[PDB]
């Protein structure tokens, strides 16, 4: 990316790295007050954590913000949104994870029975190959 942006993100990365460990933990993300009530913080952290150690190093931090660049088409915005639902990162949206991600966003606005029923309906109406899960292609045709 841009060199001026690279230097600015390094400064912000240091302020977030409270313990000076070279990697951002979930607790360090939660230190920001705006992220304490945002129900999608844990999902974005897991997406950036491409190696799975539970923390976000600077390499993951750069590549995570790189996807949010203005030079990304609508597909780049839909691929990131797809990974929000795909918790296990297998390339498909399954029933359990779709419920769990939706439950994080809706909280108490829907009872568990009601949410499970519309999750079931969406998977049935969107699965076009019969695998029982929602691929990114099937995800595009819906949204």
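Residue numbers count along the first chain shown, from 1. Heads up, when I say rigid core I mean the largest set of C-alphas that superpose within 1.5 Å between the two forms.
Here the rigid core sets the fit, and in 8 other deposited structures of this protein the C-alphas of 109-117 stray farther than those of the other stretch, out of 49-57 and 109-117.
As the entry records it, the average C-alpha temperature factor is higher for 30-38, out of 30-38 and 84-92.
Just going by the entry, 50-58 versus 66-74 on mean CA temperature factor gives the higher value to 66-74. Across the options 43, 103, 111, 79, the residue with the most elevated CA B-factor in the record is 79.
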